[PDB]
């Protein structure tokens, strides 16, 4: 069964590495199981404060620097947000281009997350040195598609490289890893550790391609520069040769996703089947993404091809519409002035007030977003559940493949395992749609290259931009007064997932998901990392 110690007492992990930004996790463990948790974000920058009084056109350039991992997504949300506030409807080509850049961002972001941020919680790199390369080539012939990168010679080469590295005594990013010396919670055979390590190195190259693709439309990566109020500026992105390259690089990236990412995820999933019973939560929210009609937030919600919705208490039979007026943020357990609870983002207040480390009454720089009193998990798993409940064809098919391959029930997805698997599920779906989306923009662009609509700055207005970013439901909310920013609030997926307790004392998703975590070895609490990482935390996103 699942390794578990008898440990009783506190554990603090700070820093949580292999996330974006600065997170401290505190838990109380009892008989080797986490019984309480706190998600403590450790950095404040204050973009909302900074934006006050500025040109609304400037908002996207400031907010995109909320985060460089989920680069673009903030500039998109801001641009949606201001387009709404000025009541401009962007041209079809701009909808297409904006959505394709989001797709490219998913591909890049998710590949890097699985391999470079998450996989070291499940793969013991050093144990790959124990593997036989022939035995690993054979095993790879049986967990994934044939490919030259998986041949014995290729796997020996990775092994030799890794061996010379480890024997140098300069372990670098592997220094003091939780798997050094063996670890009870690490289950893979050395043959699988070799394969995953091989792909880890391959992924470091492949992400450069994924970014290149994105930069064809986005201008550069990180931090795109192609969006403007009323649409996009990139006329050249509607043209043949740049699109042909965009398609070609996107096919190489998608080949890697299907050849390596998904089989790697599924193998890990089969070995760590027990994690289908750890780390689940109950409520899921998505604003949807990839809409065919982005003329308004209402149209976005309704026509997102990855649908929007609300699931509560794991009830897949009642997917509710999103009520954008029902969202608010608490600050009772956050480092902000009293008086800030229960604020709809249009009425949002960011008044920073630090107390001290591990003050149980105020222990995070994130606000606590709630939905009618309830915490909501956001991200791939939420999107997946909502899409599956609504019989979205592509989600149905691919979820079913997974459950059929893993031989587990759909209920098994409410877990850290499912959270991990959902990420890959939706990557394979975006991949399946790239050629269709590309061909729709190439044809459209060729027929008429309109890319930005005329608009007017109002003296007074308000507006909201919605996106489902790689980590979930993102909204930006503006109040314009005197043709300037009167208030601008970000509510970000990581705020939903990793914020602190709300005004009622109620745990956030990550804090609830940590309840019941087994700790095999309190000195090396990899299980905390597995769950935290499965949420794909971004603290710079979270706090802004």
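Rigid core here is just the name for the largest C-alpha set that superposes within 1.5 Å across the two forms. Residue numbers count along the first chain shown, from 1.
Looking at 138-146 and 457-465, the one farther from the shown form in 5 other deposited structures of this protein by average CA distance, after a rigid core fit, turns out to be 138-146. On average the C-alpha atoms of 91-99 have higher B-factors than those of the other stretch, with 91-99 and 68-76 being the two compared. Higher mean CA temperature factor, per the PDB entry, when comparing 200-208 with 126-134: 126-134. Taking the PDB entry at face value, the top CA B factor among 117, 469, 366, 152 belongs to 152. Looking at 437, 179, 165, 174, the one whose CA carries the top B-factor in the deposited record is 437.
Annotation for residue 48: CA B-factor lies in the lowest third of the chain's modelled residues.
Compared with the other modelled residues of the chain, the Cα B-factor recorded for residue 405 ranks in the highest third.
Per the PDB record, residue ranking by Cα B-factor puts residue 419 in the middle third of the chain. Remark: residue 339 belongs to the highest third of its chain, ranked by C-alpha B-factor as recorded.
When all modelled residues of the chain are sorted by CA temperature factor, residue 223 is found within the lowest third.
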